[PDB]
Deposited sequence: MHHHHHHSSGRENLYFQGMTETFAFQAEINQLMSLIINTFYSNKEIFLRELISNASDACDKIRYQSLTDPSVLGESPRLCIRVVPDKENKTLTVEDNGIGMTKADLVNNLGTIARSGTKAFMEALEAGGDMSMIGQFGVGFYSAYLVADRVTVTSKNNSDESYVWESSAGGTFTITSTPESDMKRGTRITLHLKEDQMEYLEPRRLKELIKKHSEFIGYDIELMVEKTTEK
């Protein structure tokens, strides 16, 4: 409304069970943390599917894997449906999914971190290798927003005063620098690219 208004950031606490899951993920040892990439690519593929199916009723859909050695970040990007402010607030922190508790119960009953996907909480596997995660998204029905969390009990929602889609940036943990290496990413992408219908472009830089 104000001419001089530049932007806004809102802080939200995580729903109790989401907070527990994030602590369990970021501050607990697991043997194969590399499963995070399969989860992010799978989410990107689902976002591309949502807009592709919307086209039946109501451009090349693709997924990009962008390592950045200088800022020590790994980004998974898509030109899928995108998320509104409400989608980010409601589905990425404040409303508990049945899968949050159910995944923690499955791990407790001897399950594996690779099972995360069936519980609708696979996004949070990013915290196996990252100490901070940034979600920048644009849906056709809303302005673009930036979600951010360092798994400290809260997340932020910031305005951007972007083309349709989502960019997920992972600030990597000191000992998880192997996911910046092009050879390592090419291998990881090939390991599960067999069942992704969309093109997965690794940006060499």
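Judged by missing C-alpha atoms, the gaps in the deposited chain sequence fall at residues 1 to 11, 70 to 76, 180 to 182, 227 to 231, listed in sequence order.
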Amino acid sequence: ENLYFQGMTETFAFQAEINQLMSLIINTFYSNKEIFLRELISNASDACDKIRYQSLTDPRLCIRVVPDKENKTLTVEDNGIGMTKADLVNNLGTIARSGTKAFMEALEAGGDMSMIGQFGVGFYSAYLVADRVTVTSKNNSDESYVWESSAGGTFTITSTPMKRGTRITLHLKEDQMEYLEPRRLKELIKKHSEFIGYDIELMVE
From here on, numbers count along this sequence of modelled residues.
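For the two forms, the rigid core is made up of the largest set of C-alpha atoms that agree within 1.5 Å on superposition.
Comparing 134 to 142 with 48 to 56 by root mean square Cα distance to the shown form in 4 other deposited structures of this protein, with the rigid core used for the fit, gives 48 to 56 as the more displaced stretch.
Averaged as a root mean square over residues and superposed structures in 4 other deposited structures of this protein, CA distances to the shown form are larger in 27 to 35; the pair compared was 27 to 35 and 147 to 155 with a core fit. Stretches 144 to 152 and 175 to 183 differ in mean C-alpha B factor, with the higher average recorded for 175 to 183.
For the two regions 29 to 37 and 43 to 51, the entry's Cα B-factors average higher over 29 to 37.
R132 sits in the middle third of its chain by CA B factor, as recorded in the PDB entry.
In this PDB entry, the Cα temperature factor of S125 sits in the bottom third of its chain's modelled residues, the lowest group.
Sort the modelled residues of the chain by CA B factor and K101 lands in the lowest third.
When the CA B factors of the chain's modelled residues are split into thirds, the value for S23 lands in the middle one. Among the modelled residues of its chain, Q118 has a C-alpha B-factor that falls in the lowest third, as given in the PDB entry.
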